[PDB]
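Structure below is protein_19.txt: compact mmCIF, C-alpha atoms.
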# COMPACT_ATOMS: atom_id res chain seq x y z
CA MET A 1 -5.55 -5.16 -27.66
CA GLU A 2 -3.70 -1.90 -27.06
CA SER A 3 -6.18 -0.59 -24.51
CA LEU A 4 -5.88 -1.11 -20.77
CA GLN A 5 -8.68 -1.26 -18.14
CA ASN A 6 -11.43 -3.89 -17.71
CA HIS A 7 -9.06 -6.84 -18.09
CA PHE A 8 -6.16 -8.73 -16.53
CA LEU A 9 -2.42 -8.46 -17.05
CA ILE A 10 -0.68 -11.80 -17.36
CA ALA A 11 3.04 -11.59 -16.75
CA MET A 12 5.30 -14.60 -17.11
CA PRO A 13 7.76 -15.26 -14.22
CA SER A 14 10.67 -13.69 -16.09
CA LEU A 15 10.68 -11.00 -13.41
CA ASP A 16 11.64 -12.93 -10.30
CA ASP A 17 13.37 -12.02 -7.02
CA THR A 18 10.83 -9.25 -6.58
CA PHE A 19 7.27 -9.12 -5.26
CA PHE A 20 5.61 -6.30 -7.15
CA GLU A 21 6.32 -7.16 -10.77
CA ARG A 22 4.82 -10.06 -12.79
CA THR A 23 1.70 -11.98 -11.62
CA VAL A 24 -1.93 -11.15 -12.36
CA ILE A 25 -3.01 -7.53 -12.01
CA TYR A 26 -6.53 -6.28 -12.70
CA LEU A 27 -6.90 -2.79 -14.15
CA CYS A 28 -10.17 -1.05 -13.35
CA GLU A 29 -9.56 2.61 -14.20
CA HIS A 30 -8.77 4.10 -17.59
CA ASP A 31 -6.32 7.00 -17.54
CA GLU A 32 -6.08 7.31 -21.34
CA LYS A 33 -2.35 6.71 -21.76
CA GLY A 34 -2.36 4.62 -18.61
CA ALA A 35 -4.72 2.71 -16.33
CA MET A 36 -5.07 2.17 -12.59
CA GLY A 37 -5.31 -1.37 -11.28
CA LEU A 38 -4.99 -3.68 -8.28
CA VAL A 39 -2.50 -6.52 -7.87
CA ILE A 40 -4.16 -9.82 -6.93
CA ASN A 41 -0.92 -11.76 -6.52
CA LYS A 42 -1.58 -13.70 -3.32
CA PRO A 43 -3.90 -13.49 -0.26
CA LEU A 44 -1.96 -11.56 2.37
CA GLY A 45 -3.03 -10.06 5.67
CA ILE A 46 -2.84 -6.37 6.48
CA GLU A 47 -3.73 -6.17 10.16
CA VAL A 48 -6.76 -4.26 11.40
CA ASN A 49 -4.42 -2.06 13.45
CA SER A 50 -3.38 -0.23 10.28
CA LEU A 51 -7.02 0.40 9.38
CA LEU A 52 -7.65 1.67 12.90
CA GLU A 53 -4.77 4.13 12.46
CA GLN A 54 -6.36 5.37 9.24
CA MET A 55 -10.00 5.54 10.37
CA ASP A 56 -8.86 7.14 13.64
CA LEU A 57 -8.35 10.42 11.77
CA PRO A 58 -11.76 12.02 11.06
CA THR A 59 -10.96 14.11 8.00
CA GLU A 60 -12.08 12.28 4.88
CA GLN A 61 -13.15 8.80 5.97
CA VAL A 62 -14.88 8.44 9.36
CA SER A 63 -16.68 5.38 10.81
CA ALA A 64 -14.36 2.94 12.55
CA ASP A 65 -17.36 0.76 13.38
CA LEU A 66 -15.67 -2.42 12.14
CA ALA A 67 -15.31 -5.40 14.48
CA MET A 68 -12.17 -7.22 13.34
CA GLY A 69 -9.96 -7.66 10.29
CA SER A 70 -6.39 -8.93 10.61
CA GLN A 71 -6.28 -10.33 7.07
CA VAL A 72 -7.08 -7.43 4.79
CA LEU A 73 -5.82 -7.52 1.21
CA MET A 74 -3.63 -4.79 -0.24
CA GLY A 75 -3.60 -4.01 -3.93
CA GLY A 76 -0.69 -1.66 -3.57
CA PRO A 77 0.96 0.96 -1.31
CA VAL A 78 -0.86 4.02 -2.67
CA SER A 79 -4.41 4.99 -1.67
CA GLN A 80 -4.23 2.37 1.10
CA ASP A 81 -6.78 4.57 2.86
CA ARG A 82 -9.36 3.52 0.27
CA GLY A 83 -8.95 1.13 -2.64
CA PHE A 84 -11.97 -0.89 -3.74
CA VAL A 85 -13.83 -3.88 -2.30
CA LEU A 86 -15.42 -6.61 -4.42
CA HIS A 87 -18.51 -8.75 -3.80
CA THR A 88 -20.97 -10.61 -5.99
CA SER A 89 -23.65 -8.76 -7.92
CA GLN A 90 -26.42 -7.28 -5.88
CA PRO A 91 -28.66 -4.37 -7.02
CA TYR A 92 -28.94 -3.41 -3.34
CA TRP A 93 -26.58 -1.94 -0.72
CA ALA A 94 -25.53 1.72 -0.53
CA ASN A 95 -22.30 1.30 -2.50
CA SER A 96 -22.60 -0.99 -5.52
CA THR A 97 -21.42 -0.67 -9.13
CA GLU A 98 -21.27 -3.14 -12.05
CA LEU A 99 -20.45 -2.82 -15.75
CA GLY A 100 -22.19 -6.03 -16.80
CA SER A 101 -23.59 -8.66 -14.46
CA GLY A 102 -21.54 -10.67 -11.99
CA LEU A 103 -20.12 -8.59 -9.16
CA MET A 104 -20.32 -5.21 -7.47
CA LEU A 105 -17.74 -2.65 -6.37
CA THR A 106 -17.82 -1.02 -2.93
CA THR A 107 -15.73 1.67 -1.22
CA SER A 108 -13.53 0.58 1.68
CA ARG A 109 -15.39 2.08 4.65
CA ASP A 110 -19.11 1.31 4.71
CA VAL A 111 -18.21 -2.28 3.90
CA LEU A 112 -15.96 -2.44 6.98
CA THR A 113 -18.84 -1.68 9.35
CA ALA A 114 -20.84 -4.27 7.39
CA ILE A 115 -18.16 -6.79 8.36
CA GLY A 116 -19.11 -6.02 11.96
CA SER A 117 -22.34 -7.89 11.33
CA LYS A 118 -21.42 -11.08 9.47
CA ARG A 119 -24.00 -11.48 6.71
CA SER A 120 -22.38 -12.31 3.40
CA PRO A 121 -23.92 -12.71 -0.08
CA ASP A 122 -21.79 -15.75 -0.88
CA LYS A 123 -18.20 -14.65 -1.42
CA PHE A 124 -16.32 -11.35 -1.46
CA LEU A 125 -12.90 -9.83 -0.76
CA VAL A 126 -11.66 -6.62 0.82
CA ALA A 127 -8.64 -4.94 -0.76
CA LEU A 128 -7.08 -1.59 0.10
CA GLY A 129 -4.86 0.55 -2.09
CA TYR A 130 -3.81 -0.14 -5.66
CA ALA A 131 -0.82 -0.18 -8.01
CA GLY A 132 1.38 2.90 -8.26
CA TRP A 133 0.50 3.29 -11.94
CA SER A 134 -0.51 6.87 -11.17
CA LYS A 135 3.22 7.63 -11.19
CA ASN A 136 3.67 5.61 -14.38
CA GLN A 137 0.84 6.30 -16.85
CA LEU A 138 2.89 4.33 -19.37
CA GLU A 139 0.86 1.12 -19.33
CA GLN A 140 0.35 1.29 -23.12
CA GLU A 141 3.99 0.41 -23.84
CA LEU A 142 3.91 -2.26 -21.13
CA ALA A 143 1.25 -4.17 -23.05
CA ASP A 144 3.12 -4.46 -26.35
CA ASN A 145 6.44 -5.08 -24.61
CA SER A 146 5.89 -8.47 -22.94
CA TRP A 147 2.80 -8.56 -20.73
CA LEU A 148 -0.27 -10.39 -21.97
CA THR A 149 -3.73 -8.85 -21.94
CA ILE A 150 -6.96 -10.82 -21.74
CA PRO A 151 -10.56 -9.62 -21.12
CA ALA A 152 -11.94 -9.70 -17.59
CA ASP A 153 -14.66 -12.09 -16.50
CA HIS A 154 -16.75 -11.92 -13.34
CA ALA A 155 -16.19 -15.59 -12.49
CA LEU A 156 -12.56 -15.57 -13.59
CA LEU A 157 -12.03 -12.65 -11.23
CA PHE A 158 -13.89 -14.02 -8.27
CA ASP A 159 -15.12 -17.57 -8.31
CA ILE A 160 -12.25 -19.47 -9.98
CA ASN A 161 -10.51 -20.47 -6.72
CA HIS A 162 -6.90 -19.23 -6.76
CA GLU A 163 -4.41 -20.95 -9.02
CA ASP A 164 -6.59 -22.43 -11.77
CA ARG A 165 -7.59 -18.82 -12.40
CA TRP A 166 -4.20 -18.35 -14.07
CA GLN A 167 -4.60 -21.55 -16.09
CA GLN A 168 -8.05 -20.74 -17.44
CA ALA A 169 -7.14 -17.09 -18.05
CA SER A 170 -4.06 -18.22 -19.98
CA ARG A 171 -6.32 -20.40 -22.15
CA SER A 172 -8.96 -17.69 -22.63
CA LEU A 173 -10.84 -17.10 -25.90
CA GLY A 174 -11.67 -13.52 -26.80
CA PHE A 175 -14.05 -10.61 -26.32
CA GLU A 176 -14.52 -7.25 -28.02
CA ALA A 177 -17.30 -4.92 -26.87
CA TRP A 178 -17.27 -1.46 -25.30
CA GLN A 179 -20.81 -0.33 -24.52
CA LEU A 180 -20.17 2.48 -22.02
CA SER A 181 -19.44 6.18 -22.50
CA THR A 182 -21.16 8.57 -20.11
CA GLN A 183 -20.16 11.14 -17.49
CA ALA A 184 -22.70 13.55 -16.05
CA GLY A 185 -23.14 15.69 -12.96
CA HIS A 186 -20.69 18.04 -11.28
CA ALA A 187 -19.55 16.61 -7.96

Could you quickly redo this structure as structure tokens?
Amino acid sequence: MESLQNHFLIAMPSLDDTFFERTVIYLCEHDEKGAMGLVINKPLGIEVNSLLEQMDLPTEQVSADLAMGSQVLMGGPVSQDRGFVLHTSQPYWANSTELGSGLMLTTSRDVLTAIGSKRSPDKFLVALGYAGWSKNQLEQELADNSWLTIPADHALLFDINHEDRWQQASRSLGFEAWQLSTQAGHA
């Protein structure tokens, strides 16, 4: 199981008195020796004001066409200007991406203006930024040290409420399949 990305990190509450360690973190990127991911500890609210501050600067973002926010999720302090938004699987919409079949990934901008006109698939969440693993790139050793690694599921990610997600994930079963290896185009 010594390969990060496309699965959750389960960390027992041995690391307490701090809100950044432990808990369930989902790694989406694969940086060879490391892997970038987003912490889905607990639903918190990053006010829309902070997004307004960001979108206000028309350099590499643009479009502050969003209506409201108040409770935006943060997956970490770095790349708070972007991150990645999750919704159920839909082969439509400008920004969608899925490895299997269950959900879709969207960039945190065009989805904000979509929030301006409330028309949801069924459920989704908006998270900005991710874990500062970029500075680490040592996730390999973290896996064998103490943290548990279990494969990611589309329902386990999204649809399994809040708390029972941990329970079911801790039960788990197994999965071993990597059918993806392509990178084309220069942009």

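We find CA of residue 156 in chain A and CA of residue 17 in chain A to be spaced 27.0 Å apart.
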
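Using only C-alpha atoms, the smallest distance between any of A:142, A:72, A:1, A:55 and residue 109 in chain A comes from A:55.
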
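Using only C-alpha atoms for every distance, the candidate list A:158, A:175, A:147, A:133 yields A:147 as the residue closest to residue 24 in chain A.
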
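If you look at CA of residue 29 in chain A and CA of residue 163 in chain A, they are 24.7 Å away from each other.
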
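Of note, CA of residue 126 in chain A and CA of residue 56 in chain A are spaced 19.0 Å apart.
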
Task: Near-residue 150 in chain A list (10 Å; only C-alpha atoms; drop same-chain fewer than 2 positions) as an MDAnalysis selection string - done: chainID A and resid 1 4 6:10 148 152:153 169:175

Task: Contacts of residue 139 in chain A at 7 Å (only C-alpha atoms; same-chain gap of 6+ positions) as a VMD selection string - done: chain A and resid 33 to 35

Around all listed atoms of range 8-20 of chain A, padded 8 Å per side, what centre and edge lengths does the axis-aligned box have in Å to one decimal, as AutoDock Vina command-line options?
--center_x 3.6 --center_y -10.8 --center_z -11.3 --size_x 35.5 --size_y 25.0 --size_z 28.1

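Minimum atom-to-atom distances from A:127, A:180, A:89, A:164 to residue 44 in chain A were compared using all atoms listed in the file, and the lowest value belongs to A:127.
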
Task: Counting only C-alpha atoms, the option among A:131, A:138, A:155, A:68 closest to residue 116 in chain A - done: A:68

Open item on the list: Give me the residues near residue 66 in chain A as a ChimeraX atom specification, where near means some atom within 12 Å (using only C-alpha atoms) and where sequence neighbours in that chain fewer than 2 positions away do not count.
Closed with: /A:48-49,51-52,55-56,62-64,68-70,108-118
